[PDB]
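Starting off, we have a lone chain in the form deposited in one PDB entry, written out as structure tokens.
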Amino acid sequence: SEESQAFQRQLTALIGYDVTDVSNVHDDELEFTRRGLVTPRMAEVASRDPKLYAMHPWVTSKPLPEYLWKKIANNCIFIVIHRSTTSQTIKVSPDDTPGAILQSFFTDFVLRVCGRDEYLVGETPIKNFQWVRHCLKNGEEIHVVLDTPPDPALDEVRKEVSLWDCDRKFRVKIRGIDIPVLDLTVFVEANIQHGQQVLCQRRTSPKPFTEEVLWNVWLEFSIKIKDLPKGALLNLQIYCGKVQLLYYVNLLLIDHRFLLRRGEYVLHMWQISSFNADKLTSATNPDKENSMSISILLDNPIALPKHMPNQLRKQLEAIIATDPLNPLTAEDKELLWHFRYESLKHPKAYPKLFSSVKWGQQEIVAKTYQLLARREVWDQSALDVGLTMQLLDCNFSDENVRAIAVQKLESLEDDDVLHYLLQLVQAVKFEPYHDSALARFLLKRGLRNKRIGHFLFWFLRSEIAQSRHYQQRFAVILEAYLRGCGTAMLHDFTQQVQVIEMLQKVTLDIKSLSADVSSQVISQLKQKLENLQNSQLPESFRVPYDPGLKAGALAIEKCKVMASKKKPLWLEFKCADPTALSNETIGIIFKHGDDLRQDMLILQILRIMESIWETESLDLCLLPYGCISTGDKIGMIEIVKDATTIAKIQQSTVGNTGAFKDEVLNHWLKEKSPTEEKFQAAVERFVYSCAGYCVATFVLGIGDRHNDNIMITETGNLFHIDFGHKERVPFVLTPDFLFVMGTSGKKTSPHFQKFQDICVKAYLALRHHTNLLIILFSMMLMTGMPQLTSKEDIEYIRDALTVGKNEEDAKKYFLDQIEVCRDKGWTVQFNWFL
């Protein structure tokens, strides 16, 4: 109907890509994927409890850490409950279920966290609600309101010849290449591929490079048609010449219906700007009028069916015992495959084991599926995310192998999904087909949970906007999601897209008026911001990086354009919630010109490090602020309240010179403390903050930073910013940081001795997750950071995390690192000036 068509116009606007479109396809896969996702969509929409879905109790089921236990008033917490305005505080024990606390009060209505769309409902103890764990973390009082539970009717949705019996060698005709606009010899290269593994390869003869080049030649491969494994790609590449890769493109050999690929294809190609997610894509270049294209012929009803010695033991164990960046040699691979069944008893052998399979060999693949048919130990094992992630990366392309990882993901609690969601979304870039267990998993987990679903939207939306390589796929996943989240959430997303689009318009305009930063330009900002205040910016919108917060009208006076050379918008909003117990504005930086996905990744890895540290009862008070990529080169950043940079603290005392002074920071910290209890706690928070950032930035290899890119709160919380962008330094430990701790150049201190004692505990704790961090780091680089995609860059983290080396020796490596920051002093900061 037409009702279905205005709604399609709406979905398209929410995604920021026209799904129904067919200008950039060469088959029906994306359309097949839309239909195939209807079932998982509906099966989740129908089965989800409408009551718990409307209130999304953000609950964890982890042990409440040792650091938050011994910060309690004897198994009792104070919850302040609010009627109209006035309130009654109630004593409550960590085990008191929410519905039972209502009985404790009444001596149906629901509890909603004052100021937020966050509910304390369902059958979990209150110590298992993240909001509560946050209040304790930041030593604060749990304020809640007696509210009427939201109507689940708002969540309602608008109801809508066998291949193995073929011994032919694989051939492909290269008709030629056409380039609209342009002397050096050119050739086409053709690969049969599975993952990264090039199974078989063929070049053509080099011809003179002109607007059109024709070959009309058959390329016979040595691989047989029956040996082609599902997921196999034809990778066509074009070099010229000591040569250079110019354009590349890919084609699935076995399509989504299990059929061998036949007929004519006129594929549009991508240009090189090297492990890249993009280099694996089944998508062809949309830019018809500017791009190179290859023309090919396939002629081969062909569908695929659906079917020890002590030293060796030691050699095998040592192979299982290595990191995921250690290259397996031929001896290793031949050993793993032979001792296949021993290797299946060890969950950690799996990544290595399935990297030992020869996929260009039908009967070996068959044997591998028999091996998966008998995977009892894997199916029973206690889930490791690091092992699971390893099997969803680029090294694996077999749908069944990848499906054993997704299987393990099914058992993740919703809280743990949010922790890994970003990388899981990125992991979709390694799936051969648009419809996969993983896609379905994300699809349903987002549909089951309003929070996961919120972030899924922005994660996918972000990729759709700044990746031609995967927009089509993600777009199909997002449409499938939005068709299930419900009119309630669809309307939230709408307002949010409305706001960021309006803001971008203002940003683009203001950027043009500048060159440094004027003050009359700020008047033109405040001008156009008022122009939007009535028509037609919606009263209130959810904050993309913090979906609990509803932001209302702008604080126009407080809005400015930043001193940066990409002119970000410093913005502040009223909180739209009348029940909000404060008057603090919501501070958002709105930035155009940088692709923020990179900052997203680092900050997410930072949250992972936190949760890792929670398992070891540590807490290092990092500030991984909100950061959402919302469009093509636009996003928003959470402004951390009461925070100034290190550089500005120097730029104010010493002056705009550069002759830095040690004392300045401690004095700065003292001028901001009401008591000595509030100064030492502030110094204490600096002891962790700094130690947290020191460790983390060193492992990630982003430690060496300009001191204007490090900020501090007035409560002692140090934190790095702007992960967007000669002799070296590991991290940033300056004589002013060391002053706060006590040291004066070459001494020790009551706190400094604790600094190293917290750093090492932190460094070694991350080291217990070497595998996970390695795979996170690599996926970060492969899917999010194309500027640094060499093997040299990934092998940094092997050195940084000191693989193989035992604990005590690695401790000494880290202690040496701190003792390089002592040696270097200020020669780091100083050198940036010119």
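Don't overthink the numbering: it's just position in the shown sequence, from 1. C-alpha atoms forming the largest set that superposes within 1.5 Å between two forms make up the rigid core.
Student: When the other entries of this protein are compared, is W164 unmodelled in at least a third of them?
Tutor: Yes, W164 lacks coordinates in at least a third of the other compared entries that model both of its neighbours.
Student: Thinking of the other compared PDB entries, is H307 one of those residues unmodelled in at least a third of them?
Tutor: That residue is missing from at least a third of the other compared entries.
Student: Indicate whether the chain is continuous between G241 and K242 or, if not, how many deposited residues are absent from the coordinates: none, 1 to 3, 4 to 9, or 10 or more.
Tutor: Per the record, 10 or more deposited residues are absent between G241 and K242.
Student: Between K746 and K747, what class does the number of missing deposited residues fall in: none, 1 to 3, 4 to 9, or 10 or more?
Tutor: The entry has no gap there; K746 and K747 are joined directly.
Student: Between 493-501 and 667-675, point out the one with the higher average CA B-factor as the PDB entry records it.
Tutor: The stretch with the larger mean CA B-factor is 667-675.
Student: Higher mean Cα B-factor in the deposited model: 474-482 or 288-296?
Tutor: In the deposited entry, the stretch with the higher C-alpha B-factor mean is 288-296.
Student: Take the CA temperature factors straight from the PDB entry and tell me which of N326, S436, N216, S514 peaks.
Tutor: If I rank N326, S436, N216, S514 by C-alpha B-factor, first place goes to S514.
Student: Could you check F723, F737, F129, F339 and tell me which one carries the biggest Cα B-factor in the deposited entry?
Tutor: By C-alpha B-factor in the record, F737 ranks first.
Student: By the record's CA B-factor, is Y53 among the lowest, middle or highest third of residues in the chain?
Tutor: Middle third - that is where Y53 ends up once the chain's C-alpha B-factors are sorted.
Student: Could you look up the Cα B-factor of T60 in the entry and say which third of the chain it sits in: lowest, middle or highest?
Tutor: For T60, the deposited C-alpha B-factor lands in the middle third.
Student: Lowest, middle or highest third: where is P305 by Cα B-factor in its chain?
Tutor: Its C-alpha B-factor belongs to the highest third of this chain's values.
Student: Sort the modelled residues of this chain by their C-alpha B factor and say whether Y67 lands in the lowest, middle or highest third.
Tutor: Its C-alpha B-factor, which the entry lists for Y67, ranks in the highest third among residues of this chain.
Student: Could you tell me which third, lowest, middle or highest, the C-alpha B-factor of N771 occupies within its chain?
Tutor: Lowest third.
Although not depicted, the form deposited in another entry is the subject of the following passage.
Student: Among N806, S47, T39, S790, which is the residue that shifts its C-alpha 2 Å or more between this form and the one not shown, core superposed?
Tutor: Per the superposition, the moving residue is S790.
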